[PDB]
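Below, in structure tokens: the form solved without ligand ADP, a single chain.
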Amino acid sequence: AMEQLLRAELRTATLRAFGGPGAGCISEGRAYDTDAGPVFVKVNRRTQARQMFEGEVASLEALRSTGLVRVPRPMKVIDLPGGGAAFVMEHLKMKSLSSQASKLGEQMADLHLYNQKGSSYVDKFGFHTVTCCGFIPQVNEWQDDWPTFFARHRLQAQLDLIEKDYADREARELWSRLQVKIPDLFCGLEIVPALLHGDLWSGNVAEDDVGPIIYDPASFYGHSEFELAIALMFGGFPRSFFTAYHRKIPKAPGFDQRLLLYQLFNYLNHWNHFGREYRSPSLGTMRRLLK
């Protein structure tokens, strides 16, 4: 227990956490108090910044429309002199997801069931506009078949970037072998398009006194299970999140092998964003899928 360590090292009986969040993370954006409440502002001086933020607006609006999960309200996208854009959204007073984890597991399962169960059914995988995964714009072209969508517009896209930027022989050869085996992980299963947050890392979820909050989405209609891959692989969610979720959407047969395929996407995306530290998990995951 880190609080027990601090009490011992500081020789104190009380250790009462208090106070506001501070200036935050330089690379993420900055919060401001205003006349109407706090806001959070992201700035991107690149020419495709408006397209990025409009994708995030589209994602936040799609999630808000379900009424099932709490996300910050988008307020404005501003074009900047010199290039790029700023995106302003509502800022919530927030803490790490802990007490609200089981509630968020329920809400995330309801979100994934919303499309199938509702009144205006989206019957393809993809999305009506471009959304970015981190800095990389994605193709969301509608496709009837999920393994086709995911192989072509998620895995192949990442691997083409790796080939362009690293010319990596082992990724190229392992992908030529893996590509053909992907349908074995989906046969005999019904896969229904599910609206996804798209980037449900523990650093994109939090909570307040009312309930859990999720943010920084990169949404599309996908296989529900894909949502959970990044959540599992980087940790940070209480067990009760997954317990609540899978009470509503039990793990289908083949869940753990599909989990590898979905974690592969995230490793490839991290290799393209952060470099070669992520080559070893990417290749290793491909190797695990092949044997």
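Residue numbers here begin at 1 and follow the sequence given. Think of the rigid core as the biggest set of C-alphas that the two forms share within 1.5 Å after superposition.
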(message) If the other structures are each fit on the rigid core, which stretch ends up farther away in C-alpha terms in 4 other deposited structures of this protein, 83-91 or 70-78?
(response) 83-91
(request) Compare 111-119 with 134-142 and report which one shows the larger root mean square C-alpha deviation from this form in 4 other deposited structures of this protein once the rigid core is superposed. (result) 111-119
(message) Tell me whether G22 turns out to be unmodelled in at least a third of the other entries of this protein, restricted to those that model residues on both sides.
(response) yes
(request) Return whichever of 60-68 and 231-239 has the greater mean Cα B factor according to the PDB record. (result) 231-239
(message) Averaging CA B factors per stretch from the PDB record, which one is higher: 22-30 or 242-250?
(response) 22-30
(message) Looking at the C-alpha B-factor values in the deposited entry, which of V122, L159, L200, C133 comes out highest?
(response) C133
(message) According to the Cα B-factor stored in this entry, which of the following is highest: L113, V88, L155, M94?
(response) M94
(message) Considering every modelled residue of the chain and its Cα B-factor in the PDB entry, is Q179 in the lowest, middle or highest third?
(response) highest
(request) Rank-wise, by C-alpha B-factor, drop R279 into the lowest, middle or highest third of its chain. (result) middle
(message) When the deposited Cα B-factors of this chain's modelled residues are ordered and cut into thirds, is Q143 in the lowest, the middle or the highest one?
(response) middle
(request) Taking the values exactly as deposited, rank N204 by C-alpha B-factor within its chain and report the matching third: lowest, middle or highest. (result) middle
(request) Would you mind ranking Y166 by its C-alpha B-factor against the rest of the chain and naming the third, lowest, middle or highest? (result) highest
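FYI, the form deposited with ligand ADP bound isn't displayed, but the following is about it.
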(message) Test of understanding: in the deposited complex, would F40 fall inside 4.5 Å of ligand ADP by heavy atoms?
(response) yes
(message) Taking ligand ADP as it sits in the deposited complex, is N204 in contact with it (heavy atom to heavy atom, 4.5 Å or less)?
(response) yes
(request) Using the partner position in the deposited complex, report whether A101 sits within 4.5 Å of ligand ADP, counting heavy atoms only. (result) no
(message) Contact with ligand ADP in the deposited complex for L15, defined as at least one heavy atom pair within 4.5 Å: yes or no?
(response) no
(message) Given a 4.5 Å cut-off on heavy atoms, tell me which of 196-204, 104-112, 168-176, 75-83 is the interface stretch with ligand ADP in the deposited complex.
(response) 196-204
(request) Indicate whether the candidate residues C25, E28 and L92 are all in contact with ligand ADP in the deposited complex, with contact defined as any heavy atom within 4.5 Å. (result) yes
(message) Need the contact residues for 209-232: heavy atom within 4.5 Å of ligand ADP in the deposited complex, sequence order, or none if there are none.
(response) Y215, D216
